[PDB]
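Coordinate analysis (summary)
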Amino acid sequence: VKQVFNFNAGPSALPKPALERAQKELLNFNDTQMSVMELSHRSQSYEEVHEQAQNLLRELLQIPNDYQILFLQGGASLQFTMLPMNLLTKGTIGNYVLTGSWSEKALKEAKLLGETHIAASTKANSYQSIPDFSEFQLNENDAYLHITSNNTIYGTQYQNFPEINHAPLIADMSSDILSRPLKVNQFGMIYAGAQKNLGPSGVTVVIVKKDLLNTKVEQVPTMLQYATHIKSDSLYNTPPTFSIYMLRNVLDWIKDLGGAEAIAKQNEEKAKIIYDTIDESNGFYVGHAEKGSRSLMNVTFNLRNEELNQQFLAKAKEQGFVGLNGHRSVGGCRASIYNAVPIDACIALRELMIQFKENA
Amino acid sequence: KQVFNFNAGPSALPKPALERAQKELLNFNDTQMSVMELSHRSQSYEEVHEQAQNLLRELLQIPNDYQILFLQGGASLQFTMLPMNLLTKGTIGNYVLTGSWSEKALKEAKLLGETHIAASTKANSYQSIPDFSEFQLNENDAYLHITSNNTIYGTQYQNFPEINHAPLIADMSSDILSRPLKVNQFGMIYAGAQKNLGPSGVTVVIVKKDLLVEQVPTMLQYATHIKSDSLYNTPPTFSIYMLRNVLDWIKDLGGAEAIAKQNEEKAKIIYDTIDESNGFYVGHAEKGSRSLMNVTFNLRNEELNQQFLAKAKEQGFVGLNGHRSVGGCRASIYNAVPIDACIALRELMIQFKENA
Ligand SMILES: *Cc1c(COP(=O)(O)O)cnc(C)c1O
Ligand SMILES: *Cc1c(COP(=O)(O)O)cnc(C)c1O
Ligand SMILES: [Cl-]
Ligand SMILES: [Cl-]
Ligand SMILES: [Cl-]
Ligand SMILES: [Cl-]
Ligand SMILES: [Mg+2]
Ligand SMILES: [Mg+2]
Ligand SMILES: [Mg+2]
Ligand SMILES: [Mg+2]
C-alpha cells in the first residue's frame, strides 16, 4: 500500500528479517510444535535462545568474561532505582552527570535513597551539549558516577566516555546501545531498555561487572538485588521469553550486517542525510543540539515557529511518517533513526523537508 | 508430530490467539508496522492497551472502583511491592500458607515489616486449604494474603473468606480467570499472565483504587501506575497485545462461566483416572481441596514415576514432571490446555497402568 516511514522513538522500528523470522516460526519453534511463548524457560529450546542472546551481545560488544549480561523486567526506569538500591550505601554519594530529562529521572530516584551529587550539567543551556569531562566535580565517597550516553529527548550524545577510576562509571545507554563499538571495560554497569535499539519492550539489558554487584545487599528485596539475577542467570523468576527471543533475533541481524562497526557506518550515514538537510536549510530547520554533541540516534529540531512546526508535522503524518512529533515535554520535532530505521526512510524525510521548505 | 502441552508456566496459549498474532505480526491494524514497532504513546497502541483492560473488566465483572494494572516483574515482584506499599509501621502482613508460593510471598514481607501466619497447612505438606474458621487475624493487619491456587502442590481455594478487618489479597497466578470471581471480596488480586492469560512479561494487578506513599521508589508505587494507567514507563506492549488476544478468545467461547465448564471437564478426566486406578496413581491433594488448574500425583514408587514420565515424553507430552521441590508428576491444565490433551493423558495413564 502507501508508504510508511517509522521514526518512532521507543518502541521503534525492528529489522524486517527479525520479524519475518519470528512470524514464520510463531506457532512451531525449533520443531517443538509450540510457540517460543508456550515453552518452559527451563526447556532446552528456551535456554538455547537465552544463552544465544547473551553470546551474541558478548561477541558484538566484545564484553569481557568478568562481566555478566542480565535480562531483567521493569524497563530502564526500574534500573533508576535498582542501581542506587544496590550501590548507594550509607556515607556514599550517587554522582550524576545531567545531560537531559532521562538523566534527571535517574537522579530523582537516587535522591529517594541516599546522598546524591551533580558532577556537571548542561541544564542551564537546555541540554544542547555534553559537558566537558574536565568540568566533572568528583567526590572521594562517590558510589558511582552515572551518565546518560544518548539523551533521547534532547538529541545529544557522548562522543566518547570519561576515564573514571575512583568509582564505577554507570551508563543509561537505552537509546544508543550497540549502535557503535564500545569499550565495555570503561564501565561498572551499562543498562538499556531493549525497545529503542535492540528489539521489543519488556526486557532490559544490564551488563554488569560481576564483582561490583554479585554480593547480597542486606535489606534489599530479593527481586531488586542484582545478586539474585546474577546468581540465577536471569532465571530467578519467569523471564520475558518472547522479548528475549526477539532480542536474540535482532542481535543475529546486527551480527549478519557486520556488527557494531558496520552498523556505526550505516548510522553515521543516515544521520548525515538528515543533519545536512538541516544545515543546508538556511535556518528553516534549527537543530537543538550543538554540532559537537549531535546524536546519531535522535535528531531534534524546530521550524521557525510553532505554527510551522505543526504544519510540518501534520504534512509528515499525511505523507506516511510516524513518530516525528518531539517528546511532549519539549515540542518541536524528533527523527529517531536507531539501527533498524532504513536509510531510504531518511532519504524520504529529507525529500519531505526540502519540499516543505521550498513550498513554505 | 503430536505434542501435548502441559507446561506449568509459561504455558499453552489458544491457537486462535497465536494464529491471529502470526497473521498480523508484520502489519498490525493496517499500520504497516508490527504491534511491536509502535510507540506506547500512539493511539494505535493505546487502544490495544485499553482493550485488554476492558476485556478483563467485562470477563471478571470488575467493579468501577477497581483499577486494572499491567506491570512488569512477574508475580514475584508483587511479593515485595505489596508490603512496600501497604505494610506500614505498626501494621502486620498476615499470610495464609497453602504452599511454597505462599512461603515466597511471606518471605518478602518479612524484609519490610511485621508478619504473621493466619493459618497454614504446611505441617501436613500442604494437602489442603485450611478452614477459614481457623484463621488467626489481627486488628492491625495491613492485609490478609492468600494464594488461591497452589501451583506446586495442586490445591485450590473452593471459595474465599469473608474478611472485613483488612483487605484480602490474592496471588491468583495459576487460576486467574479460570472461573467466575467475586472481585469485591478482595482489595487486590495479582497474577503473572503466563499461565491463564497470555505470555510471560506482563503481570495483571487488580486493585481497589482507594486502597492504594512517602519514600517508595516511583516505579514501585501502585499510585504511579494507577495515576498513569500503566503507561508511566514503556509497558510490555507485545505481551499486552497477546493478553488482549487471549482475552478475546475467552470472551468468544462464552466467558468465565464457559471456560470453567471446560476446565472442570479437563480436571474431571484426570482425577477420575486417578481415582479409578485402584491406587496405581495417587493424588497429593485432599479431595475437597483439589485444584482444577494443576493436578499433582505420583505412582507407587520413584522408579515407576520415572518410567511413566519417560513414556509420557516419548509420547509427546511436555511439562508433566512435578516441581523439583516435590517430585512426582504435575499436569498443568490452564485455560488454553485443550480437553483433547487431557483425554490423551488419560489414555496414556490407562495404557501405562495396564502394561506395568
Ligand atoms: C526510553 C528511555 C528510558 C525509559 O525506559 P523504560 O523502559 O520506558 O523505563 C530511560 N532512559 C532513556 C535514555 C530512554 O531513552
Ligand atoms: C508462577 C507463580 C508465581 C511466579 O510468577 P513469576 O512471574 O515467575 O514471578 C508466583 N505465584 C504463583 C501462585 C505462581 O503459580
Ligand atoms: Cl533526554
Ligand atoms: Cl524518550
Ligand atoms: Cl505452591
Ligand atoms: Cl510452579
Ligand atoms: Mg547470522
Ligand atoms: Mg526500502
Ligand atoms: Mg470477538
Ligand atoms: Mg465417576
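Residues numbered from 1 in each chain as written, not as in the entry; some residues may be left out. Chains lettered and ligands numbered in written order. Heavy atoms only, no water. Residues with missing side-chain atoms left out of burial classes, pairs and counts.

The deposited coordinates derive from X-ray crystallography, with the record listing a resolution of 1.69 Å.

1. A short note on the packing of helix 3 (residues 74-86) of chain B against helix 4 (residues 100-112) of chain B
Residues and elements named next belong to chain B. Direction vectors running N to C along helix 3 and helix 4 enclose 40 degrees, while the axes themselves pass 8 Å from each other. Viewed along their axes, helix 3 and helix 4 adopt a mutual orientation that is oblique. The crossing of helix 3 and helix 4 is right-handed. On the side of helix 3, the interface is formed by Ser76, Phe79, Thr80, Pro83 and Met84, while helix 4 contributes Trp101, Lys104, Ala105, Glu108, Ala109 and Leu112. For the contact of helix 3 with helix 4, the residue count by class is seven nonpolar, two polar and two charged. (Axes fitted to C-alpha atoms, helices over the stretch in contact; angles between N-to-C directions. Helix = DSSP H or I, 4+ residues; strand = E, 2+ residues; numbered from the N terminus. Parallel < 35°, antiparallel > 145°, perpendicular 65-115°, else oblique. Left-handed = near helix turned anticlockwise from the far one by under 90°. Contact = heavy atoms within 4.5 Å. Nonpolar A, V, L, I, M, F, W, Y, C, P; charged D, E, K, R; others polar.)

2. A closer look at the domain arrangement of chain A
All names here are of chain A. Assigned domains of chain A: these are domain 1 (16-257) and domain 2 (258-360). Averaged C-alpha coordinates put domain 1 and domain 2 at centres separated by 27 Å. The partner domain 2 presents 27 residues to the 27 residues of domain 1 that form the contact. Between domain 1 and domain 2, the buried area comes to about 2,200 Å², and carbon and sulfur atoms account for 52% of it. When the buried area of domain 1 at its contact with domain 2 is split by residue, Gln128, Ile153 and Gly155 rank highest and sum to 23% of it. Between domain 1 and domain 2 we count zero salt bridges in total. (Domains from an automatic or database assignment. Buried area = accessible area lost by both parts, 1.4 Å probe. Salt bridge = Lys/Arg side-chain N within 4 Å of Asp/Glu carboxyl O.)

3. Remarks on the UniProt feature "binding site: pyridoxal 5'-phosphate" in chain B
When the UniProt feature table is mapped onto this chain numbering, "binding site: pyridoxal 5'-phosphate" sits at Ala75, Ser76, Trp101, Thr151, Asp171, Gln194, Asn233 and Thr234 of chain B. By the secondary structure assignment, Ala75 of chain B is in helix 3. The residues contacting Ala75 of chain B, other than those within four sequence positions of it, are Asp171, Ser173, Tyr190, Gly192 and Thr203 of chain B. For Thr234 of chain B, a relative accessible area of 11% translates into the label buried. When near neighbours in sequence (up to four residues on either side) are disregarded, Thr234 of chain B contacts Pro11, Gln195 and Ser201 of chain A together with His40 and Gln72 of chain B. At 3.2 Å, the side chain of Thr234 of chain B forms a polar contact with the side chain of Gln195 of chain A. (UniProt positions renumbered as here; feature names shortened; annotations may be inferred. Buried < 20%, exposed > 50% of the residue type's maximum accessible area, 1.4 Å probe, protein only. Polar contact = N/O pair within 3.5 Å; in protein donor to acceptor, adjacent residues only side chain to side chain.)

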